[PDB]
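First up is the structure itself, then whatever we jot down about it.
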């Protein structure tokens, strides 16, 4: 097989796997393909001289493939899907193109919601976040449903992209806004439940504490709303 090393962002201790949805996506892709790979964390506040020599000024994630540096998460994904292909490897591209766009609008609504520091804007931003979650929920509950993942019962590239993002949204919105994805969004919860039972997702997730810390200077705290 080819020689593959994945370089990811280090967490707050400079060694752990840090918060980064792009790192996790690539880690998940390589896992799902079943190829040998290694994983190296990179502490951006104390970057090793040897890594700056290997990949000058390159921010994680990136890989080497047979010693050649490859960058840009989307291009790396496309390359891995192309090269690591049937019959030997599983094709991970979704069958349904709508799987590739489902939930892709959530992260930006989340980001605005948690970065906002005006209490008066909170409800509007919370509603926009909920509207995008609702769309995903409907996708997950509509026949392509009791299916496990976005595209069916197998994990696909679309899951590798979405799950890291949705996980961040869940952890960070809870910690900093006391926000819960409504239990009434049963499609989302079926999906997350399925994902949290899969080592490909759980083993590649940063700890809750690391995700929370990564946002401690991003999320803006708001005064508690006072009833009437």
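Of all residues in the range 184-228, which are under 15 Å from the mean Cα position of the chain (by Cα) and part of a loop (DSSP other than H, G, I, E, B)?
Answer for the range 184-228, where residues must be under 15 Å from the mean Cα position of the chain (by Cα) and part of a loop (DSSP other than H, G, I, E, B): 198, 203, 204, 205, 206, 207, 215.
Would you confirm, using the coordinates I've provided, whether residue 32 is in contact with a strand residue (DSSP E or B) (Cβ under 8 Å, 6 or more places away or on another chain) and surrounded by 14 or more Cβ atoms within 10 Å (Cβ to Cβ)?
Details: in contact with a strand residue (DSSP E or B) (Cβ under 8 Å, 6 or more places away or on another chain): no; surrounded by 14 or more Cβ atoms within 10 Å (Cβ to Cβ): yes.
So residue 32 does not fit the description; no.
Checking the condition buried (at least 18 other Cβ atoms within 10 Å of the Cβ) and closer than 22 Å to residue 10 by Cβ, which residue from 211, 218 passes? Before the answer, list the steps.
On the way: 218 fails: buried (at least 18 other Cβ atoms within 10 Å of the Cβ).
Result: 211 is the single residue among 211, 218 that is buried (at least 18 other Cβ atoms within 10 Å of the Cβ) and closer than 22 Å to residue 10 by Cβ.
Quick check on this structure: which one of 30, 80, 26, 51 is more than 30 Å from residue 153 (Cα to Cα) and part of a helix (DSSP H, G or I)?
Going through 30, 80, 26, 51 in turn, the sole match is 51.
Provide a single number: the residues in the range 138-183 that are in a helix (DSSP H, G or I) and under 29 Å from residue 216 (Cβ atoms). Walk me through it before giving the result.
First, the residues of the range 138-183 that are in a helix (DSSP H, G or I): 138-141, 157-177.
Narrowing the set further to residues that are under 29 Å from residue 216 (Cβ atoms) leaves 159-177.
Qualifying residue count for the region: 19.
Within the range 134-169, which residues are closer than 20 Å to residue 18 by Cα and over 14 Å from the mean Cα position of the chain (by Cα)?
The first filter runs over the range 134-169 and keeps only residues closer than 20 Å to residue 18 by Cα, leaving 159-169.
Correct list: empty.
Every number in this text was worked out from the coordinates using simple rules, so none of it is lab data. With ideal geometry, Cβ positions are generated from the backbone for all residues, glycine too; neighbour counts draw on all protein chains shown.
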